[PDB]
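What follows is a set of notes on a single structure, which appears directly below.
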Amino acid sequence: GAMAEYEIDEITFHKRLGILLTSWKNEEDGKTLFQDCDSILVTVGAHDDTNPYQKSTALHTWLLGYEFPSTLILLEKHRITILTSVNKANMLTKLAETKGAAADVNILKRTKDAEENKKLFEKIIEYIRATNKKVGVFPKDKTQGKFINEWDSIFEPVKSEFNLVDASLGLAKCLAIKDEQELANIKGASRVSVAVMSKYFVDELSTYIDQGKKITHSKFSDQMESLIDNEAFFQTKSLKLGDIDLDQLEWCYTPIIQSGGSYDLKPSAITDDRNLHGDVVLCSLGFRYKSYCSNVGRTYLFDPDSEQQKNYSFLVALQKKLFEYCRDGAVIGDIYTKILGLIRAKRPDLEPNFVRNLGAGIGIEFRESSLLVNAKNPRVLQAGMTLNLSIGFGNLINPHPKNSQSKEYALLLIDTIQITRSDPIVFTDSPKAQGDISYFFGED
């Protein structure tokens with residue numbers, strides 16, 4: 001029931017494994033990003049739809065094309081060992097004698113005998129001892145279950161024999177540069193996001209406000225989210241989505257909706273239970289296509305006043321300059337500082353209101369934290385990277401409000417972009433001029 005077809009792509013597995021190995025075997029990277037490990041240990045437990053974003057599961061998606069629950073990988077420079085169930089293992093078997101192999105492929109099959117299975121785990125420990133005993137791990141990852149429990153039973157008592165180190169960033173560097181298929185996936189996701197936004201959301205939003213509909217943000221948000229189960233919606237032709245495999249579509253997160261003078265410009269914002277107010281309305285939404293993430297976010301103004309329109313137009317102008325700065329060879333922290341600098345030159349008054357970062361990288365993971373766009377990031381943008389770019393202003397105080405009105409507002413723009421050898425590609429682009437996103441009572 002709902003049994004899928006899996007095409008394990010042996011070519012892409014070795015291409016990508018080799019990218020990883022080349023960097024690990026680089027003296028610099030090996031010392032810096034991989035912290036001088038001789039092995040990388042990666043485990044994935046039972047499926048947990050509670051954290052969809054992990055280095056561990058991203059590794060799976062990147063190497064194998066899919067997440068394999070309850071499996072263990074031990075990467076070595078000369079060999080990759082994957083320990084899984086017989087049925088999963090048989091799928092991976094084709095990786096083991098490809099002519100274009102990047103490494104030895106060592107597949108260990110879990111059976112139905114506890115003791116044998118234990119012997120398999122014990123092999124892993126033995127491989128590690130034969131090394132410098134520095135083991136690369138992804139420390140922020142968390143997993144759980146039966147498989148994991150067995151592994152712990154075996155590893156934890158012998159674990160002090162080893163030196164566990166963070167090789168997180170060596171993977172990050174690999175994942176950061178997207179190939180042609182990956183970019184395609186992210187563009188697809190982006191296309192769905194912006195279509196839902198431009199078409200479903202703005203429609204709902206505008207009629208609600210118009211028709212004085214009393215709806216909570218959470219209600220509305222949940223309404224949006226439930227849209228995914230309505231495939232009729234995605235076949236709407238005006239949505240030029242005809243080429244999207246709807247069965248490979250998911251939400252990145254629960255859409256964030258905000259109004260009525262209470263805002264949170266962090267992607268971790270949870271949509272409250274307060275009623276939608278027709279003043280300044282923020283929306284963030286993103287889809288995940290074939291396991292690649294996207295994000296879009298927009299501001300809508302209802303009967304905005306002059307200073308509100310001015311601030312919103314300045315944000316648009318700022319984001320434009322942001323795109324322009326996002327080019328191959330640019331230092332990330334310079335980009336932030338240059339934007340801050342534009343504020344101080346033209347709208348210094350706005351500086352206390354300015355976001356502390358401008359988002360981060362995006363791909364398999366919703367957030368590639370190595371590519372956090374803040375002042376301190378010394379990393380350099382390269383062609384083929386993808387960014388989930390966020391820019392905005394918070395706690396903007398309304399000067400003169402009659403008391404049927406919100407004291408404060410915020411402004412936000414998010415788009416997903418690809419770094420090129422020139423100007424970036426803004427996959428999630430849509431008209432965002434004040435006139436596009438402004439509504440005036442009486443239908444103006």
Side-chain angles (χ1 to χ4, degrees), residues 8 13 17 20-21 24 30 33-64 66-96 102-171:
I8 301 299
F13 170 86
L17 181 57
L20 187 52
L21 287 178
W24 193 8
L33 306 180
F34 291 92
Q35 310 256 51
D36 194 38
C37 63
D38 270 2
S39 61
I40 306 166
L41 171 60
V42 183
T43 55
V44 172
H47 188 76
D48 181 357
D49 71 16
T50 267
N51 55 339
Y53 316 119
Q54 299 285 93
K55 286 291 187 291
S56 284
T57 49
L59 181 59
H60 281 209
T61 296
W62 193 65
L63 288 175
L64 307 172
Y66 314 84
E67 300 182 5
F68 286 63
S70 300
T71 119
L72 183 158
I73 300 169
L74 193 80
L75 302 109
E76 302 177 72
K77 292 204 211 173
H78 67 296
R79 181 180 48 188
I80 190 178
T81 294
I82 314 172
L83 183 57
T84 336
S85 59
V86 161
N87 322 259
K88 285 174 186 156
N90 283 344
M91 291 180 54
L92 294 187
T93 262
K94 73 188 299 193
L95 302 171
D104 185 35
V105 181
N106 184 32
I107 294 153
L108 306 180
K109 295 171 194 185
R110 274 174 70 80
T111 69
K112 271 170 289 172
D113 178 68
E115 207 57 27
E116 287 157 34
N117 288 341
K118 173 168 165 163
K119 281 162 193 310
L120 286 183
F121 278 129
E122 298 183 328
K123 267 166 154 37
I124 301 307
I125 296 279
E126 99 169 7
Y127 299 166
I128 290 175
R129 308 229 235 234
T131 64
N132 73 359
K133 320 260 190 311
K134 291 179 195 189
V135 191
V137 298
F138 301 143
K140 269 164 168 35
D141 285 354
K142 44 183 166 160
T143 211
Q144 159 275 340
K146 201 139 310 184
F147 178 86
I148 288 308
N149 284 343
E150 288 189 45
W151 170 242
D152 285 352
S153 289
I154 289 159
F155 192 56
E156 296 300 315
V158 283
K159 202 170 71 154
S160 53
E161 294 172 23
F162 315 131
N163 167 24
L164 273 39
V165 309
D166 184 358
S168 203
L169 287 173
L171 182 50

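One is the number of the first residue; the rest follow in order along the sequence. Atoms considered below: every heavy atom in the structure, side chains included; atoms not considered: hydrogens, waters and symmetry mates.
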#### Entry: Pair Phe34-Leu20, side-chain contact (heavy atoms from CB on, under 4.5 Å): steps then yes or no
CA-CA 11 Å; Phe34 291 92; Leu20 187 52; 3.8 Å; yes
### Message
Checking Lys142 against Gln54 for the side-chain contact (heavy atoms from CB on, under 4.5 Å) test, could you report, in this order, the C-alpha distance in whole Å, the side-chain angles of both residues, the deciding distance, and whether it holds?
### Response
CA-CA 8 Å; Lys142 44 183 166 160; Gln54 299 285 93; 4.2 Å; yes
### Task
Take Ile73 and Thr81 through the test side-chain contact (heavy atoms from CB on, under 4.5 Å) and record every step on the way to the result.
CA-CA 6 Å; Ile73 300 169; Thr81 294; over 6 Å; no
### Task
Step by step, work out the side-chain contact (heavy atoms from CB on, under 4.5 Å) result for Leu17 and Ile80.
CA-CA 9 Å; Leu17 181 57; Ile80 190 178; 4.1 Å; yes
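A donor-acceptor contact shorter than 3.5 Å is absent between the side chain of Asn51 and the backbone of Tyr53. A donor-acceptor distance shorter than 3.5 angstrom exists from the side chain of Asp141 to the backbone of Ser56, with no hydrogens or angles considered. Judged purely by atom type and a 3.5 angstrom limit, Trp24 uses its side chain to pair as donor or acceptor with the backbone of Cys37.
The two residues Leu21 and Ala102 make their nearest non-hydrogen contact at CD1-O, 3.6 Å. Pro69 and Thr84 get closest at one heavy-atom pair: O-CG2, 4.2 Å.
With sequence neighbours excluded, the residues forming a ring-ring contact (aromatic ring centres under 6.0 Å, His included) with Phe155 are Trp151, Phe162, listed by chain and number. With sequence neighbours left out, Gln35 forms a side chain to side chain donor-acceptor pair (under 3.5 Å) with no residue at all. Residues satisfying the side chain to side chain donor-acceptor pair (under 3.5 Å) test with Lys109, not counting sequence neighbours, are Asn90. Not counting sequence neighbours, the partners of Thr143 by the side-chain contact (heavy atoms from CB on, under 4.5 Å) test are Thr43, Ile148. Annotation: salt bridge (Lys or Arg N to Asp or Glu O under 4.0 Å) contacts of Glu67 (sequence neighbours excluded): none. Residues passing the side-chain contact (heavy atoms from CB on, under 4.5 Å) test with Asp38, sequence neighbours excluded: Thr131, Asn132. With sequence neighbours left out, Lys55 forms a salt bridge (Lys or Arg N to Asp or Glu O under 4.0 Å) with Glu365. Residues meeting the salt bridge (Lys or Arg N to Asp or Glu O under 4.0 Å) test with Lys134, sequence neighbours left out: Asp36. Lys118 is linked by a side chain to side chain donor-acceptor pair (under 3.5 Å) to nothing, counting only residues two or more places apart in sequence or in another chain. Applying the side-chain contact (heavy atoms from CB on, under 4.5 Å) rule to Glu116 yields the partners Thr111, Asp113; only residues at least two apart in sequence or on another chain are considered.
Counting heavy atoms from C-beta on, the side chains of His47 and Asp49 come closer than 4.5 Å. Side-chain contact check for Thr71 versus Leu83: every heavy-atom pair is 4.5 Å or farther apart. Considering only heavy atoms from C-beta on, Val42 comes within 4.5 Å of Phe138 through its side chain. Within the 4.5 Å cutoff, the side chain of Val86 has no heavy atoms near those of the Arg110 side chain. Taking the side chain as every heavy atom from C-beta outward, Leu92 and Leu64 approach each other to under 4.5 Å.
For the atom pair CG of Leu95 and CD1 of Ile107, the computed distance is 6.0 Å after rounding to the nearest 0.5 Å. Atom CD1 of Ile8 and atom OG1 of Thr93 lie 11.5 Å apart (nearest 0.5 Å). Note that the CG atom of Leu41 and the CG atom of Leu75 stand 9.0 Å from one another [nearest 0.5 Å]. Here the CD1 atom belonging to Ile40 is positioned 8.0 Å from the CG atom belonging to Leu59, to the nearest 0.5 angstrom. The structure places CZ of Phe68 at 13.0 Å from OG1 of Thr57, a figure rounded to the nearest 0.5 Å.
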Using atom types as modelled, flag every donor-acceptor pair under 3.5 Å from a side chain in residues 119-129 to any protein atom, sequence neighbours excluded.
| residue | atom | partner | partner atom | Å |
| --- | --- | --- | --- | --- |
| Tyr127 | OH | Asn106 | ND2 | 2.9 |
| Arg129 | NH1 | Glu161 | OE1 | 2.3 |
| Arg129 | NH1 | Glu161 | OE2 | 3.1 |

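Judged as a salt bridge (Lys or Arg N to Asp or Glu O under 4.0 Å), the pairs with a partner in residues 68-78 (not counting sequence neighbours) are, in order, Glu76-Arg79.
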